[PDB]
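A structural walkthrough
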Number of protein chains: 2
Amino acid sequence: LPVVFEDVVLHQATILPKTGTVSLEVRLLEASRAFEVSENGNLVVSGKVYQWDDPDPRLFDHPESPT
Amino acid sequence: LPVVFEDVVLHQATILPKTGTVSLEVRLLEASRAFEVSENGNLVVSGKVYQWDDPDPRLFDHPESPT
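The sections below set out a description of the structure shown in this document.

Re the relation of the copies chain A and chain B
Expressed as a screw transformation, the operator carrying chain A onto chain B has a rotation angle of 180° and an axial translation of 0.0 Å, and the superposed copies differ by an RMSD of 0.4 Å. Viewed as a symmetry operation, the transformation between the two copies matches a two-fold axis. Across chain A, the rotation axis passes nearest the C-alpha of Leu 29 of chain A, at a separation of 4.4 Å. Interface overlap between copies is the fraction of interface residues in one copy that are interface residues in the other; for chain A against chain B it reaches 88%, indicating a shared surface.

A few points about the pattern of salt bridges
Residues and elements named next belong to chain A. According to the stated counting rule, one finds three salt bridges over all chains in the structure shown. The partner of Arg 27 in a salt bridge is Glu 25, and the shortest N-O contact between them spans 2.4 Å. Assessed through its relative accessible area of 34%, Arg 27 is described here as partly exposed. What makes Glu 25 partly exposed here is its relative accessible area of 38%.

Conventions used here
Residues numbered from 1 in each chain as written, not as in the entry; some residues may be left out. Chains lettered and ligands numbered in written order. Part of a larger assembly, values for the part shown. Heavy atoms only, no water. Least-squares fit on C-alpha atoms. Contact = heavy atoms within 4.5 Å. Salt bridge = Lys/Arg side-chain N within 4 Å of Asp/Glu carboxyl O. Buried < 20%, exposed > 50% of the residue type's maximum accessible area, 1.4 Å probe, protein only.

Right, here's the structure in full:
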């Protein structure tokens, strides 16, 4: 599955405890091509995710070097 | 439930069929306080909806008419 993200925003940084676990929930809105990651109801990440219909290997040709 | 809708956008009109039924699906993202209404996989209504924490009657006092 080739995927394209857009307008990703990171709202808060989740910290991994030395003991226990953190539950992250992921909800997709397929119609609007949007997603949302949450932890205990507090938004952590937001943006747009959808499938790349027609890949172009040209996009991965290396850019003109700065130097 | 006193509620608040915000930044609502209607993207297309659903035509109610004379015979049959049309099924609308509504999904909520509580953390983002956003909602989407899709019709067979096509976005219809998008915006934000959330509970009104502190209702206040003053907001409904009738504005003095300019005329």
